[PDB]
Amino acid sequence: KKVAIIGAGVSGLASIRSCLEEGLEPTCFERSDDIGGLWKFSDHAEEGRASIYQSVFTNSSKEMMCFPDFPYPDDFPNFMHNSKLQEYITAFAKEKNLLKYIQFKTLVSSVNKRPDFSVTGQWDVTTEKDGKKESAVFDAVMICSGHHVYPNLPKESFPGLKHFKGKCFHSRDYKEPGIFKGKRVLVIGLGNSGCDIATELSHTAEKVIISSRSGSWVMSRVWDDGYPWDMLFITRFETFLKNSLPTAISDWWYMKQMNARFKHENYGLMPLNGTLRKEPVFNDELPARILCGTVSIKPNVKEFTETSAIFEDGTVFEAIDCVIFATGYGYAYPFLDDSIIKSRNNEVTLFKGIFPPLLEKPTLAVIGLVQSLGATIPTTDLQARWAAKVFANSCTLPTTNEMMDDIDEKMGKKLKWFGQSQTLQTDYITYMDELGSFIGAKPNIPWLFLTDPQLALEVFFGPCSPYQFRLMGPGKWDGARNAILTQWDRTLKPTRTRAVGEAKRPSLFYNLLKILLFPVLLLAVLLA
């Protein structure tokens, strides 16, 4: 029953609550004095903790990034300031009575198999508190220590950088644009950090450049008809199509969508390989900032000088005041023997990104080491539900090489779809469904068409909103049906503060992507 939970960020909180709903006895160790982890802004980056800049807004929609049984307030904006999310996370801990189970100011310094591990499956958790080390035995462990904390910072990768006389640092340490007024800034990396920092700087800096290896597709929070992108883009029907179409048709369809608003070619953003379903950039400002000549995109940096950067196409950025490395993150687990997670090819091998296979007893779970178009909060809520049930012997894992087979197959899919077997990227609805099956909470679409087809349609054709994953099966929420059916109400409410039109909600009586298909395939193969 005793479960150690490392971290009180979103992953940890999800874990505590899932432990409680399976009658386990959770203890959550948090090295700082607050919950929310990454989402609580602070002026200075702390070691071992993620570090966000002040102007971060969610890039997932509110109706897509709530705990499935706890919607965001009706009046909340669809995309929220970091502080607004912190407020919600805090609300959720309070509501679900999770604070009891958290020991703050306690670092977990090591986690070690018990000497009798093959028969008990217990763990020795060591925790440094006031400078005072301690130790205790737990039946299971949940690692919720995050993967946006240890910067990926290839210093040793750029010829000449040693010589550069200006200030130079990583996305992690960017906070406010104040001190950059009329400065010359180069940003390395066309990620969401890179683009946010570049566009923000572009309002006050003298000149700003983003250097990109591979380019990137760029989407926006404001999508078709001003609806949040993810409520339109992440759909069981849309996933059905991209899953079960000739991959040349599907690859075509994807690139059409991504390149519809503006021609990436003309803006210097066109990805080297546009078929890759890599996580896109979500950034509303960037095209305008580029067209107004406040940001330009260049290829990778070839060489630095004392004062300059020269790019792979020959051009030069003179008199650079500052270089920002917006080059992403790795991940670590300093408190754990490398052999547990990296149990093969010196490479992270986890069943469904969660359970290390080879483990004699399934009593360690990694929560939140998974990236999709979908949001962390709903993803981790599901991960935790499953891990909690595995710990309570209510579910059991498949066999050891059943799991390794799955891992091998997934690494192959990952290379195909993302160009990396080692990425954390996965297809959201697919992943959510796999885990859904394991705990019997995958919504039965057909059973719905047959009883309550209104809901069935909104579930399949509409947003793959978190509510759906606590609709039926154990741990379901009674609010779920109502929540799904009122999701567009909550989306349209806050934005319509001057009522002149009639509010326009999306129609299912629509098929916007089936008029130039099944009708034109109905006058073509109705003639020949």
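Don't overthink the numbering: it's just position in the shown sequence, from 1.
- Note on 284 to 292 vs 417 to 425: mean CA B-factor is higher in 417 to 425.
- The mean C-alpha temperature factor is higher for 499 to 507 when 470 to 478 and 499 to 507 are set side by side.
- The PDB entry assigns its highest CA temperature factor, among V222, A91, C168, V141, to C168.
- Residues shown: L232, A248, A441, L85. Highest C-alpha temperature factor in the entry: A248.
- The PDB entry assigns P453 a C-alpha temperature factor belonging to the highest third of its chain's modelled residues.
- Residue-level temperature factors show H44 in the highest third of its chain, judged at the C-alpha atom.
- When the modelled residues of the chain are ordered by C-alpha B-factor, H81 sits in the lowest third.
- Among the modelled residues of its chain, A392 has a C-alpha B-factor that falls in the middle third, as given in the PDB entry.
- Per the PDB record, residue ranking by Cα B-factor puts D33 in the highest third of the chain.
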